[PDB]
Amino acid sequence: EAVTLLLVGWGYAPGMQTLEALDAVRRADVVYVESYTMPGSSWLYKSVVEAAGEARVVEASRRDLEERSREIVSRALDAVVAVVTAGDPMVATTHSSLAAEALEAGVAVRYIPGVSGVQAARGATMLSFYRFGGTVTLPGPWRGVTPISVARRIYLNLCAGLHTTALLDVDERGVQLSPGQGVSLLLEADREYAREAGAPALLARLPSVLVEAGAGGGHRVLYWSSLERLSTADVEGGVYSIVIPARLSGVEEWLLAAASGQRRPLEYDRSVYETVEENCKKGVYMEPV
């Protein structure tokens, strides 16, 4: 069994593992498990060990996969090595680099998909799958960076009529940045960006959906009339993703209202989208930054 790498998505909660993923990890010779690319992933290690046998599972750190990725590509003996990620390994992680060096280093690579929390979150909002656009990550204050390029990508989605998926950063402890803090720094970035772009700051005025994908279909979908409101809200703790929609289609307002347990008309600033539209047409949002 020549060196073979298995990039396995484990799903984001117990019970969300596919049969082939369970099988793959059981049939591997070694099992590295990384729980740093996903917040609230403490359950991961235990769940894997449970599947493999407590005799092959191995905690893998970021620098191990990023700095010492040359080892995991273990081209020393010849074996089946598995790298397990909560969610899906190709969604919002840089594990494709591991697969690429492996492929180039002769190793056979198998990508076993898993349900990612991002996909489940987008799905829970019930917004049109076809309208989702680019995804950004809102940095925590420990990165020491005001996300100006991030604000711009959101406007780029808006100009294309696409919904933005905004992920929240995670620190050392594996603690997710709170929606309020993530959005606050985003809005500070927006004010800085609009300033240099020569246009009013508009993101604070956009409605948004705060979602936490869950197990057994228990997702939580909360409609926020404006990001301004969310930026100062101390919401319940949770592993969330934020969806900042482009102007909703009539059918979408109905779908989103049902998903968030809200009544139509959904309330939100009724002039912000037309103003974004105007700046889009003026070419304001292309420089770049």
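Start at 1 and count along the sequence shown; that's the residue number.
Looking at mean Cα B-factors across 159 to 167 and 78 to 86, the upper value is held by 78 to 86. For the two regions 19 to 27 and 274 to 282, the entry's Cα B-factors average higher over 19 to 27. The residue among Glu54, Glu252, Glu228, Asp234 whose C-alpha atom has the highest B-factor in the PDB entry is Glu54.
When the C-alpha B-factors of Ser260, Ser47, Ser241, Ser61 are read from the PDB record, the largest value belongs to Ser61. Annotation for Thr93: CA B-factor lies in the middle third of the chain's modelled residues. Per-chain ranking of the deposited C-alpha B factor places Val136 in the lowest third. In the PDB entry, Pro14 places in the middle third of its chain by CA B-factor. In the PDB entry, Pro179 places in the lowest third of its chain by CA B-factor. In the deposited entry, the Cα temperature factor of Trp142 sits in the top third of values across the chain's modelled residues.
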